There are 2 protein chains.
Amino acid sequence: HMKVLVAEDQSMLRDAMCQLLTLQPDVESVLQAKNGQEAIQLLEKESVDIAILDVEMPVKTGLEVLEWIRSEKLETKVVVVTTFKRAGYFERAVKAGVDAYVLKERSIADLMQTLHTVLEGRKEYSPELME
Amino acid sequence: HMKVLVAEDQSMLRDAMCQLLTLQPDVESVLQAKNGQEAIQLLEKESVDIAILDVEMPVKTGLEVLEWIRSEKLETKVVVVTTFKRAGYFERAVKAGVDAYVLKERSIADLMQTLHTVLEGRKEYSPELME
Ligand code: BEF
Ligand code: BEF
Ligand SMILES: [Mg+2]
Ligand SMILES: [Mg+2]
């Protein structure tokens, strides 16, 4: 039933993530975006329950996408996934009411749990970044 | 089922919280402490699945009890419940790996849901304090 959008600029990771998401029993479909611009374009057109957003992407970052979602009052759940432990990225995401913030140090099983958590109206913040 | 400890120095609130908790079908027992020192004495004697801790109490604050629990590595989830939005309190709790941090502006139903969240191995922080 889950309609998922994955915005990630590294083709190999995006592809791998999306393939594994598609094999999940509760996942209906997975939209792909290579940057923040394609991400917003898809959110302007398609039904999306949850967006998994990389931070550092060309054209528009995942944080910009999150802010757009908030400014437009979309109810999309947003999970930021990033390699970066930069405090400013986290602070900016929290100010923008992100639902979850996950480092790419986490596993795919970890990510899956996170998705379930936010679908249930809960939040999850990288322990490393709460710090 | 769940063995709960409530440390809260306001008698009426502590009494009321504990009665409602005891009425929960999945609650086995509720221990009461009126200050931080009593809470530690009880934790040195009985097993507790979740400790619900007020911050400002006599002798030792709930933040000190939380740090004590963590230093003893007890298998005890800790939910801090407080009137106060002080950033220092919240920062101290997070550094000690608090499981949930809940303002007394929340409802008993909110608190109940929080108890299940931490037992499910997840965390919950007051939106106000995340800022
Ligand atoms: F490039 Be992402 F932020 F990992
Ligand atoms: F006194 Be408690 F911290 F509400
Ligand atoms: Mg990137
Ligand atoms: Mg008090």
# chains A, B, ... in the order shown; residues from 1 in each chain; ligands from 1

call {"tool": "residues_around", "arguments": {"residues": "residue 49 (chain A)", "least_positions_apart": "6", "cutoff": "9 Å", "atoms": "only C-alpha atoms", "output": "ChimeraX atom specification"}}
result
/A:2-5,75-78,119

call {"tool": "calpha_fit_and_write", "arguments": {"fixed": "chain A", "moving": "chain B", "output": "CSV table (one decimal) with N, CA and C atoms, in the first residue's frame"}}
result
chain,number,residue,atom,x,y,z
B,1,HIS,N,-0.7,-0.1,-1.3
B,1,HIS,CA,-0.2,0.3,0.0
B,1,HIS,C,0.7,1.6,-0.1
B,2,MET,N,1.9,1.6,0.5
B,2,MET,CA,2.7,2.8,0.6
B,2,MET,C,3.3,3.2,-0.8
B,3,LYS,N,3.1,4.5,-1.1
B,3,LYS,CA,3.7,5.1,-2.3
B,3,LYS,C,4.9,5.8,-1.9
B,4,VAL,N,6.1,5.4,-2.4
B,4,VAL,CA,7.3,5.9,-2.0
B,4,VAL,C,8.0,6.7,-3.1
B,5,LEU,N,8.7,7.7,-2.7
B,5,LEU,CA,9.6,8.5,-3.6
B,5,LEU,C,11.0,8.4,-3.1
B,6,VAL,N,12.0,8.1,-3.9
B,6,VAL,CA,13.4,8.1,-3.5
B,6,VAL,C,14.1,9.1,-4.3
B,7,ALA,N,14.7,10.2,-3.7
B,7,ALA,CA,15.5,11.1,-4.3
B,7,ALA,C,17.0,10.9,-3.9
B,8,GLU,N,17.8,10.5,-4.8
B,8,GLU,CA,19.2,10.1,-4.5
B,8,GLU,C,20.0,10.2,-5.8
B,9,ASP,N,21.1,11.0,-5.7
B,9,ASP,CA,21.8,11.3,-7.0
B,9,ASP,C,22.8,10.2,-7.4
B,10,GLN,N,23.2,9.3,-6.4
B,10,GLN,CA,24.0,8.2,-6.8
B,10,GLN,C,23.2,7.1,-7.4
B,11,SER,N,23.4,6.8,-8.7
B,11,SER,CA,22.5,5.9,-9.4
B,11,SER,C,22.5,4.5,-8.8
B,12,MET,N,23.6,3.9,-8.4
B,12,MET,CA,23.7,2.6,-7.9
B,12,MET,C,22.9,2.4,-6.6
B,13,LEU,N,23.2,3.3,-5.7
B,13,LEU,CA,22.5,3.3,-4.4
B,13,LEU,C,20.9,3.5,-4.6
B,14,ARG,N,20.6,4.5,-5.4
B,14,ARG,CA,19.1,4.7,-5.7
B,14,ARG,C,18.5,3.5,-6.3
B,15,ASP,N,19.1,2.9,-7.3
B,15,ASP,CA,18.6,1.7,-7.9
B,15,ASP,C,18.4,0.6,-6.9
B,16,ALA,N,19.5,0.3,-6.1
B,16,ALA,CA,19.5,-0.8,-5.2
B,16,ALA,C,18.4,-0.6,-4.1
B,17,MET,N,18.3,0.6,-3.5
B,17,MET,CA,17.3,1.0,-2.5
B,17,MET,C,15.9,0.7,-3.1
B,18,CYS,N,15.6,1.2,-4.3
B,18,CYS,CA,14.3,1.1,-4.9
B,18,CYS,C,13.9,-0.4,-5.2
B,19,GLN,N,14.9,-1.2,-5.7
B,19,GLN,CA,14.6,-2.6,-5.9
B,19,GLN,C,14.2,-3.3,-4.7
B,20,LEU,N,14.9,-3.1,-3.6
B,20,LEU,CA,14.6,-3.7,-2.3
B,20,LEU,C,13.3,-3.2,-1.7
B,21,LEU,N,13.0,-1.9,-1.9
B,21,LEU,CA,11.7,-1.4,-1.5
B,21,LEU,C,10.6,-2.0,-2.3
B,22,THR,N,10.7,-2.2,-3.6
B,22,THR,CA,9.7,-2.7,-4.4
B,22,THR,C,9.4,-4.2,-4.0
B,23,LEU,N,10.4,-4.9,-3.5
B,23,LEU,CA,10.2,-6.2,-3.0
B,23,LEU,C,9.4,-6.3,-1.7
B,24,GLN,N,9.2,-5.2,-1.0
B,24,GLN,CA,8.4,-5.2,0.2
B,24,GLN,C,6.9,-5.4,-0.1
B,25,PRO,N,6.3,-6.3,0.6
B,25,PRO,CA,4.9,-6.6,0.3
B,25,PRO,C,3.9,-5.4,0.5
B,26,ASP,N,4.2,-4.5,1.5
B,26,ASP,CA,3.4,-3.4,1.7
B,26,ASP,C,3.8,-2.1,0.9
B,27,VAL,N,4.7,-2.3,0.0
B,27,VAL,CA,5.0,-1.2,-0.9
B,27,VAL,C,4.3,-1.3,-2.2
B,28,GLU,N,3.5,-0.3,-2.6
B,28,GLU,CA,2.7,-0.3,-3.8
B,28,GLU,C,3.5,0.2,-5.0
B,29,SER,N,4.3,1.2,-4.8
B,29,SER,CA,5.1,1.8,-5.9
B,29,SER,C,6.2,2.6,-5.4
B,30,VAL,N,7.3,2.7,-6.2
B,30,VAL,CA,8.5,3.5,-5.8
B,30,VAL,C,8.8,4.4,-7.0
B,31,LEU,N,8.7,5.7,-6.8
B,31,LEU,CA,9.2,6.7,-7.8
B,31,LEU,C,10.6,7.1,-7.5
B,32,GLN,N,11.3,7.4,-8.6
B,32,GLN,CA,12.8,7.8,-8.5
B,32,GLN,C,13.0,9.1,-9.0
B,33,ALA,N,13.8,9.9,-8.3
B,33,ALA,CA,14.3,11.2,-8.7
B,33,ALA,C,15.8,11.2,-8.5
B,34,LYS,N,16.6,11.8,-9.5
B,34,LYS,CA,18.0,11.8,-9.4
B,34,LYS,C,18.5,13.1,-8.9
B,35,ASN,N,17.6,14.1,-8.7
B,35,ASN,CA,18.0,15.3,-8.1
B,35,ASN,C,16.8,16.0,-7.4
B,36,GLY,N,17.0,17.1,-6.7
B,36,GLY,CA,16.0,17.7,-6.0
B,36,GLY,C,14.9,18.3,-6.8
B,37,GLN,N,15.2,18.8,-8.0
B,37,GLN,CA,14.2,19.4,-8.9
B,37,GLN,C,13.3,18.3,-9.5
B,38,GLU,N,13.8,17.1,-9.9
B,38,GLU,CA,13.0,16.0,-10.3
B,38,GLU,C,12.0,15.6,-9.2
B,39,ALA,N,12.5,15.6,-8.0
B,39,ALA,CA,11.7,15.2,-6.8
B,39,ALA,C,10.5,16.1,-6.7
B,40,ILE,N,10.7,17.4,-6.8
B,40,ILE,CA,9.6,18.4,-6.7
B,40,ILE,C,8.6,18.2,-7.9
B,41,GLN,N,9.2,18.0,-9.1
B,41,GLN,CA,8.3,17.8,-10.3
B,41,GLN,C,7.4,16.6,-10.1
B,42,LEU,N,7.9,15.5,-9.5
B,42,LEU,CA,7.1,14.3,-9.3
B,42,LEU,C,6.1,14.6,-8.3
B,43,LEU,N,6.4,15.3,-7.2
B,43,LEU,CA,5.5,15.6,-6.1
B,43,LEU,C,4.4,16.6,-6.5
B,44,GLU,N,4.6,17.2,-7.6
B,44,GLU,CA,3.5,18.1,-8.2
B,44,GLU,C,2.6,17.3,-9.1
B,45,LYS,N,2.9,16.0,-9.2
B,45,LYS,CA,2.1,15.2,-10.2
B,45,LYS,C,1.5,14.0,-9.6
B,46,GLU,N,2.1,13.3,-8.6
B,46,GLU,CA,1.6,12.1,-8.0
B,46,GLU,C,1.6,12.2,-6.5
B,47,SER,N,0.7,11.5,-5.9
B,47,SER,CA,0.7,11.4,-4.4
B,47,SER,C,1.8,10.5,-3.9
B,48,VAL,N,2.4,10.9,-2.8
B,48,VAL,CA,3.5,10.2,-2.2
B,48,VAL,C,3.3,10.1,-0.7
B,49,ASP,N,3.3,8.9,-0.2
B,49,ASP,CA,3.1,8.7,1.3
B,49,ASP,C,4.4,9.0,2.0
B,50,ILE,N,5.5,8.7,1.5
B,50,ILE,CA,6.8,8.9,2.1
B,50,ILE,C,7.8,9.3,1.0
B,51,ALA,N,8.6,10.4,1.3
B,51,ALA,CA,9.6,10.8,0.4
B,51,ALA,C,10.9,10.5,1.2
B,52,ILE,N,11.8,9.8,0.6
B,52,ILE,CA,13.1,9.5,1.2
B,52,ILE,C,14.2,10.3,0.4
B,53,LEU,N,14.8,11.2,1.1
B,53,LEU,CA,15.6,12.3,0.4
B,53,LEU,C,17.0,12.3,0.8
B,54,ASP,N,17.9,12.2,-0.2
B,54,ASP,CA,19.4,12.5,0.0
B,54,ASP,C,19.5,14.0,0.3
B,55,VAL,N,20.5,14.4,1.0
B,55,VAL,CA,20.7,15.8,1.2
B,55,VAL,C,21.5,16.4,0.0
B,56,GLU,N,22.7,16.0,-0.2
B,56,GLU,CA,23.5,16.6,-1.3
B,56,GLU,C,23.2,15.9,-2.7
B,57,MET,N,22.4,16.6,-3.4
B,57,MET,CA,22.0,16.3,-4.8
B,57,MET,C,22.1,17.6,-5.6
B,58,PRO,N,22.2,17.4,-7.0
B,58,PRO,CA,22.1,18.6,-7.9
B,58,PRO,C,20.9,19.4,-7.8
B,59,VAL,N,21.0,20.7,-8.2
B,59,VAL,CA,19.9,21.6,-8.4
B,59,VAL,C,19.3,22.0,-7.1
B,60,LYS,N,18.7,21.1,-6.4
B,60,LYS,CA,18.1,21.4,-5.1
B,60,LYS,C,18.3,20.2,-4.1
B,61,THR,N,18.8,20.5,-2.9
B,61,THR,CA,19.1,19.5,-1.9
B,61,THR,C,17.8,18.9,-1.4
B,62,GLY,N,17.9,17.8,-0.7
B,62,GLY,CA,16.7,17.2,-0.1
B,62,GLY,C,16.2,18.1,1.0
B,63,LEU,N,17.0,18.9,1.6
B,63,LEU,CA,16.5,19.9,2.6
B,63,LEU,C,15.6,20.9,2.0
B,64,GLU,N,15.9,21.3,0.8
B,64,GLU,CA,15.0,22.2,0.1
B,64,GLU,C,13.8,21.5,-0.4
B,65,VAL,N,13.9,20.3,-0.8
B,65,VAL,CA,12.7,19.5,-1.2
B,65,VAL,C,11.8,19.4,0.1
B,66,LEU,N,12.4,19.1,1.2
B,66,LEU,CA,11.6,19.0,2.5
B,66,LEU,C,10.9,20.3,2.8
B,67,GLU,N,11.6,21.4,2.7
B,67,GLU,CA,10.9,22.7,3.0
B,67,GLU,C,9.8,23.0,2.0
B,68,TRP,N,10.0,22.6,0.7
B,68,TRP,CA,8.9,22.7,-0.3
B,68,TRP,C,7.7,21.9,0.1
B,69,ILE,N,7.9,20.6,0.4
B,69,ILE,CA,6.8,19.8,0.8
B,69,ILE,C,6.1,20.4,2.0
B,70,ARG,N,6.8,20.9,3.0
B,70,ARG,CA,6.1,21.5,4.1
B,70,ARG,C,5.4,22.8,3.8
B,71,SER,N,5.9,23.5,2.9
B,71,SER,CA,5.3,24.8,2.5
B,71,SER,C,4.0,24.5,1.7
B,72,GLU,N,3.9,23.4,1.0
B,72,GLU,CA,2.7,23.0,0.3
B,72,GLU,C,1.8,22.2,1.2
B,73,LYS,N,2.2,21.9,2.4
B,73,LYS,CA,1.5,21.1,3.4
B,73,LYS,C,1.0,19.7,2.8
B,74,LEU,N,1.8,19.1,2.0
B,74,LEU,CA,1.5,17.8,1.5
B,74,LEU,C,1.4,16.8,2.7
B,75,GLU,N,0.5,15.8,2.6
B,75,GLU,CA,0.4,14.7,3.5
B,75,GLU,C,1.5,13.7,3.2
B,76,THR,N,2.7,14.0,3.4
B,76,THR,CA,3.8,13.2,2.9
B,76,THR,C,4.9,13.1,4.1
B,77,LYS,N,5.2,11.9,4.5
B,77,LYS,CA,6.2,11.8,5.5
B,77,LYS,C,7.6,12.0,4.8
B,78,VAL,N,8.5,12.6,5.5
B,78,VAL,CA,9.8,12.8,4.9
B,78,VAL,C,10.9,12.2,5.8
B,79,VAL,N,11.7,11.3,5.1
B,79,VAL,CA,12.9,10.7,5.8
B,79,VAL,C,14.1,11.2,5.0
B,80,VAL,N,14.9,12.0,5.7
B,80,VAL,CA,16.2,12.4,5.1
B,80,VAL,C,17.2,11.3,5.3
B,81,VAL,N,17.9,10.9,4.3
B,81,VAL,CA,18.9,9.8,4.4
B,81,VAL,C,20.2,10.4,3.8
B,82,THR,N,21.3,10.4,4.6
B,82,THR,CA,22.5,11.1,4.2
B,82,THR,C,23.8,10.5,4.7
B,83,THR,N,24.9,10.7,4.0
B,83,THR,CA,26.2,10.3,4.5
B,83,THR,C,26.7,11.2,5.5
B,84,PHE,N,26.2,12.5,5.5
B,84,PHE,CA,26.9,13.6,6.2
B,84,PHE,C,26.3,13.9,7.6
B,85,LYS,N,27.2,14.1,8.5
B,85,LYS,CA,26.9,14.3,9.9
B,85,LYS,C,26.9,15.8,10.3
B,86,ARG,N,27.0,16.6,9.3
B,86,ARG,CA,27.0,18.1,9.4
B,86,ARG,C,25.8,18.5,10.3
B,87,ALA,N,26.1,19.2,11.4
B,87,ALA,CA,25.1,19.7,12.3
B,87,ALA,C,24.1,20.7,11.6
B,88,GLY,N,24.6,21.5,10.7
B,88,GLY,CA,23.7,22.4,9.9
B,88,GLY,C,22.6,21.7,9.2
B,89,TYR,N,23.0,20.6,8.5
B,89,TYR,CA,22.0,19.8,7.8
B,89,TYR,C,20.9,19.3,8.7
B,90,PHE,N,21.3,18.8,9.8
B,90,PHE,CA,20.4,18.2,10.8
B,90,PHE,C,19.5,19.3,11.4
B,91,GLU,N,20.1,20.4,11.8
B,91,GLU,CA,19.3,21.6,12.3
B,91,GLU,C,18.3,22.1,11.3
B,92,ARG,N,18.7,22.2,10.0
B,92,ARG,CA,17.8,22.6,9.0
B,92,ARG,C,16.6,21.7,8.8
B,93,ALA,N,16.9,20.4,8.9
B,93,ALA,CA,15.8,19.4,8.7
B,93,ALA,C,14.8,19.4,9.9
B,94,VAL,N,15.3,19.5,11.1
B,94,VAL,CA,14.5,19.6,12.3
B,94,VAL,C,13.6,20.8,12.3
B,95,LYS,N,14.1,22.0,11.9
B,95,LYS,CA,13.3,23.2,11.8
B,95,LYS,C,12.2,23.1,10.8
B,96,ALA,N,12.4,22.2,9.8
B,96,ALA,CA,11.3,22.0,8.8
B,96,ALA,C,10.4,20.8,9.2
B,97,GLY,N,10.6,20.3,10.4
B,97,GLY,CA,9.7,19.2,10.9
B,97,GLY,C,9.9,17.9,10.1
B,98,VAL,N,11.2,17.6,9.8
B,98,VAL,CA,11.5,16.3,9.2
B,98,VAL,C,10.9,15.2,10.1
B,99,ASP,N,10.5,14.1,9.4
B,99,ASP,CA,9.9,13.0,10.2
B,99,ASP,C,11.0,12.0,10.7
B,100,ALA,N,12.0,11.8,9.9
B,100,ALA,CA,13.1,11.0,10.3
B,100,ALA,C,14.4,11.5,9.7
B,101,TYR,N,15.5,11.3,10.4
B,101,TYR,CA,16.8,11.7,9.8
B,101,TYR,C,17.8,10.6,10.1
B,102,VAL,N,18.2,9.9,9.0
B,102,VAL,CA,18.9,8.7,9.0
B,102,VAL,C,20.3,8.7,8.3
B,103,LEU,N,21.3,8.3,9.0
B,103,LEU,CA,22.6,8.3,8.3
B,103,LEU,C,22.8,7.1,7.5
B,104,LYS,N,23.5,7.2,6.4
B,104,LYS,CA,23.8,6.0,5.5
B,104,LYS,C,24.7,5.0,6.1
B,105,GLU,N,25.1,5.2,7.4
B,105,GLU,CA,25.8,4.1,8.1
B,105,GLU,C,24.8,3.1,8.7
B,106,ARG,N,23.5,3.4,8.6
B,106,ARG,CA,22.4,2.5,9.0
B,106,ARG,C,22.2,1.4,7.9
B,107,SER,N,21.5,0.4,8.2
B,107,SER,CA,21.2,-0.7,7.3
B,107,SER,C,19.9,-0.5,6.5
B,108,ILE,N,19.6,-1.3,5.5
B,108,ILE,CA,18.4,-1.3,4.8
B,108,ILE,C,17.2,-1.7,5.8
B,109,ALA,N,17.5,-2.7,6.6
B,109,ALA,CA,16.5,-3.0,7.6
B,109,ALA,C,16.2,-1.9,8.6
B,110,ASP,N,17.2,-1.1,9.0
B,110,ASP,CA,17.0,0.1,9.8
B,110,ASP,C,16.1,1.0,9.0
B,111,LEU,N,16.4,1.3,7.8
B,111,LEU,CA,15.6,2.2,6.9
B,111,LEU,C,14.2,1.7,6.8
B,112,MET,N,14.0,0.4,6.6
B,112,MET,CA,12.7,-0.1,6.5
B,112,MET,C,11.8,0.1,7.8
B,113,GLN,N,12.4,-0.1,8.9
B,113,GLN,CA,11.8,0.1,10.2
B,113,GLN,C,11.4,1.6,10.4
B,114,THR,N,12.3,2.5,9.9
B,114,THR,CA,12.1,3.9,10.0
B,114,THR,C,10.8,4.3,9.2
B,115,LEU,N,10.6,3.7,8.0
B,115,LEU,CA,9.5,4.0,7.2
B,115,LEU,C,8.2,3.7,7.9
B,116,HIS,N,8.1,2.5,8.6
B,116,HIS,CA,7.0,2.2,9.5
B,116,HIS,C,6.8,3.2,10.6
B,117,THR,N,7.9,3.5,11.3
B,117,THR,CA,7.8,4.5,12.4
B,117,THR,C,7.1,5.8,12.0
B,118,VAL,N,7.6,6.4,10.9
B,118,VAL,CA,7.0,7.7,10.4
B,118,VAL,C,5.6,7.6,10.0
B,119,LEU,N,5.2,6.4,9.4
B,119,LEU,CA,3.9,6.2,8.9
B,119,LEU,C,3.0,6.0,10.2
B,120,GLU,N,3.6,5.5,11.3
B,120,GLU,CA,2.9,5.4,12.5
B,120,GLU,C,2.8,6.7,13.2
B,121,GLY,N,3.2,7.8,12.6
B,121,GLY,CA,3.1,9.1,13.1
B,121,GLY,C,4.2,9.5,14.1
B,122,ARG,N,5.2,8.7,14.2
B,122,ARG,CA,6.3,9.0,15.1
B,122,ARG,C,7.6,9.5,14.4
B,123,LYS,N,8.6,9.9,15.2
B,123,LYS,CA,9.8,10.4,14.6
B,123,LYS,C,11.0,9.6,15.0
B,124,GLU,N,12.1,9.8,14.2
B,124,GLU,CA,13.3,9.1,14.5
B,124,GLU,C,14.5,9.9,14.0
B,125,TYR,N,15.4,10.3,14.9
B,125,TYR,CA,16.6,11.0,14.6
B,125,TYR,C,17.8,10.2,14.9
B,126,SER,N,18.8,10.3,14.0
B,126,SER,CA,20.1,9.7,14.2
B,126,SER,C,20.6,10.0,15.6
B,127,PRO,N,21.0,8.9,16.4
B,127,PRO,CA,21.6,9.1,17.7
B,127,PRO,C,22.9,10.0,17.5
B,128,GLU,N,23.7,9.8,16.5
B,128,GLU,CA,24.9,10.5,16.3
B,128,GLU,C,24.6,12.0,16.3
B,129,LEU,N,23.6,12.4,15.6
B,129,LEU,CA,23.3,13.9,15.4
B,129,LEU,C,22.7,14.5,16.7
B,130,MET,N,21.9,13.7,17.4
B,130,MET,CA,21.4,14.2,18.7
B,130,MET,C,22.6,14.5,19.6
B,131,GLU,N,23.7,13.8,19.3
B,131,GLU,CA,25.0,14.0,19.9
B,131,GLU,C,25.1,13.3,21.2

call {"tool": "select_by_dssp", "arguments": {"residues": "region 7-103 of chain B", "states": "strand (DSSP E)", "output": "PyMOL selection string"}}
result
chain B and resi 7+27-33+50-53+77-82+100-103

call {"tool": "write_last_selection", "arguments": {"atoms": "N, CA and C atoms", "output": "PDB file, in the first residue's frame"}}
result
ATOM      1  N   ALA B   7       8.424   8.435  39.590  1.00  0.00           N
ATOM      2  CA  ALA B   7       9.027   9.353  40.544  1.00  0.00           C
ATOM      3  C   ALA B   7       8.507  10.770  40.265  1.00  0.00           C
ATOM      4  N   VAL B  27      -0.447  -3.375  32.551  1.00  0.00           N
ATOM      5  CA  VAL B  27       0.412  -2.924  33.634  1.00  0.00           C
ATOM      6  C   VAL B  27       0.301  -3.884  34.808  1.00  0.00           C
ATOM      7  N   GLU B  28       1.433  -4.466  35.185  1.00  0.00           N
ATOM      8  CA  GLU B  28       1.487  -5.444  36.261  1.00  0.00           C
ATOM      9  C   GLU B  28       1.587  -4.770  37.624  1.00  0.00           C
ATOM     10  N   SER B  29       2.448  -3.761  37.735  1.00  0.00           N
ATOM     11  CA  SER B  29       2.621  -3.076  39.013  1.00  0.00           C
ATOM     12  C   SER B  29       3.197  -1.685  38.817  1.00  0.00           C
ATOM     13  N   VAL B  30       2.902  -0.802  39.765  1.00  0.00           N
ATOM     14  CA  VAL B  30       3.402   0.571  39.732  1.00  0.00           C
ATOM     15  C   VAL B  30       4.024   0.917  41.088  1.00  0.00           C
ATOM     16  N   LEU B  31       5.327   1.170  41.086  1.00  0.00           N
ATOM     17  CA  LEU B  31       6.038   1.631  42.268  1.00  0.00           C
ATOM     18  C   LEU B  31       6.043   3.158  42.302  1.00  0.00           C
ATOM     19  N   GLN B  32       6.028   3.736  43.499  1.00  0.00           N
ATOM     20  CA  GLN B  32       6.012   5.188  43.623  1.00  0.00           C
ATOM     21  C   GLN B  32       7.207   5.685  44.412  1.00  0.00           C
ATOM     22  N   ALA B  33       7.808   6.769  43.931  1.00  0.00           N
ATOM     23  CA  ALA B  33       8.881   7.463  44.636  1.00  0.00           C
ATOM     24  C   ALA B  33       8.513   8.936  44.684  1.00  0.00           C
ATOM     25  N   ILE B  50      10.004   0.279  33.041  1.00  0.00           N
ATOM     26  CA  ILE B  50       9.973   1.682  32.655  1.00  0.00           C
ATOM     27  C   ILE B  50       9.959   2.562  33.900  1.00  0.00           C
ATOM     28  N   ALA B  51      10.851   3.543  33.945  1.00  0.00           N
ATOM     29  CA  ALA B  51      10.832   4.523  35.018  1.00  0.00           C
ATOM     30  C   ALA B  51      10.359   5.843  34.426  1.00  0.00           C
ATOM     31  N   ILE B  52       9.307   6.410  35.008  1.00  0.00           N
ATOM     32  CA  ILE B  52       8.763   7.690  34.567  1.00  0.00           C
ATOM     33  C   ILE B  52       9.180   8.722  35.596  1.00  0.00           C
ATOM     34  N   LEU B  53       9.981   9.697  35.172  1.00  0.00           N
ATOM     35  CA  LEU B  53      10.703  10.540  36.120  1.00  0.00           C
ATOM     36  C   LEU B  53      10.465  12.035  35.924  1.00  0.00           C
ATOM     37  N   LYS B  77      13.620   1.274  30.562  1.00  0.00           N
ATOM     38  CA  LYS B  77      13.340   2.417  29.713  1.00  0.00           C
ATOM     39  C   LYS B  77      13.066   3.617  30.622  1.00  0.00           C
ATOM     40  N   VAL B  78      13.508   4.795  30.201  1.00  0.00           N
ATOM     41  CA  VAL B  78      13.315   5.995  30.998  1.00  0.00           C
ATOM     42  C   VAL B  78      12.551   7.047  30.204  1.00  0.00           C
ATOM     43  N   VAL B  79      11.432   7.478  30.777  1.00  0.00           N
ATOM     44  CA  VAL B  79      10.600   8.530  30.223  1.00  0.00           C
ATOM     45  C   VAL B  79      10.642   9.687  31.211  1.00  0.00           C
ATOM     46  N   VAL B  80      11.263  10.790  30.816  1.00  0.00           N
ATOM     47  CA  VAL B  80      11.246  11.980  31.656  1.00  0.00           C
ATOM     48  C   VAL B  80       9.966  12.743  31.380  1.00  0.00           C
ATOM     49  N   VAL B  81       9.258  13.119  32.444  1.00  0.00           N
ATOM     50  CA  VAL B  81       8.029  13.889  32.311  1.00  0.00           C
ATOM     51  C   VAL B  81       8.161  15.161  33.146  1.00  0.00           C
ATOM     52  N   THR B  82       7.997  16.322  32.524  1.00  0.00           N
ATOM     53  CA  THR B  82       8.311  17.564  33.215  1.00  0.00           C
ATOM     54  C   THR B  82       7.448  18.741  32.762  1.00  0.00           C
ATOM     55  N   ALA B 100      12.405   8.730  26.260  1.00  0.00           N
ATOM     56  CA  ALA B 100      11.372   9.678  25.865  1.00  0.00           C
ATOM     57  C   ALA B 100      11.423  10.896  26.773  1.00  0.00           C
ATOM     58  N   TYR B 101      11.040  12.045  26.234  1.00  0.00           N
ATOM     59  CA  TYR B 101      11.043  13.281  27.000  1.00  0.00           C
ATOM     60  C   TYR B 101       9.731  13.995  26.723  1.00  0.00           C
ATOM     61  N   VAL B 102       8.876  14.041  27.738  1.00  0.00           N
ATOM     62  CA  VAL B 102       7.480  14.432  27.575  1.00  0.00           C
ATOM     63  C   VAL B 102       7.119  15.594  28.493  1.00  0.00           C
ATOM     64  N   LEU B 103       6.542  16.644  27.921  1.00  0.00           N
ATOM     65  CA  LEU B 103       6.077  17.780  28.709  1.00  0.00           C
ATOM     66  C   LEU B 103       4.741  17.467  29.367  1.00  0.00           C
TER      67      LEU B 103
END

call {"tool": "select_by_dssp", "arguments": {"residues": "chain B", "states": "alpha helix (DSSP H)", "output": "number ranges by chain"}}
result
B: 11-22, 36-43, 62-71, 87-95, 108-119, 127-130

call {"tool": "decode", "arguments": {"residues": "region 31-51 of chain B", "atoms": "C-alpha atoms", "output": "PDB file, in the first residue's frame"}}
result
ATOM      1  CA  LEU B  31       6.038   1.631  42.268  1.00  0.00           C
ATOM      2  CA  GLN B  32       6.012   5.188  43.623  1.00  0.00           C
ATOM      3  CA  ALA B  33       8.881   7.463  44.636  1.00  0.00           C
ATOM      4  CA  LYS B  34       8.378  11.000  45.932  1.00  0.00           C
ATOM      5  CA  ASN B  35      11.952  12.053  45.269  1.00  0.00           C
ATOM      6  CA  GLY B  36      15.043  11.060  43.293  1.00  0.00           C
ATOM      7  CA  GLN B  37      16.692   9.257  46.196  1.00  0.00           C
ATOM      8  CA  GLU B  38      13.663   7.035  46.831  1.00  0.00           C
ATOM      9  CA  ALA B  39      13.595   6.204  43.119  1.00  0.00           C
ATOM     10  CA  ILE B  40      17.203   4.969  43.252  1.00  0.00           C
ATOM     11  CA  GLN B  41      16.558   2.959  46.429  1.00  0.00           C
ATOM     12  CA  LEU B  42      13.659   1.199  44.729  1.00  0.00           C
ATOM     13  CA  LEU B  43      15.722   0.554  41.573  1.00  0.00           C
ATOM     14  CA  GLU B  44      18.363  -1.126  43.760  1.00  0.00           C
ATOM     15  CA  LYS B  45      15.707  -3.526  44.991  1.00  0.00           C
ATOM     16  CA  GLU B  46      13.116  -4.345  42.321  1.00  0.00           C
ATOM     17  CA  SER B  47      13.196  -4.761  38.563  1.00  0.00           C
ATOM     18  CA  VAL B  48      11.559  -1.976  36.599  1.00  0.00           C
ATOM     19  CA  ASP B  49      10.672  -2.054  32.911  1.00  0.00           C
ATOM     20  CA  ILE B  50       9.973   1.682  32.655  1.00  0.00           C
ATOM     21  CA  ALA B  51      10.832   4.523  35.018  1.00  0.00           C
TER      22      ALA B  51
END
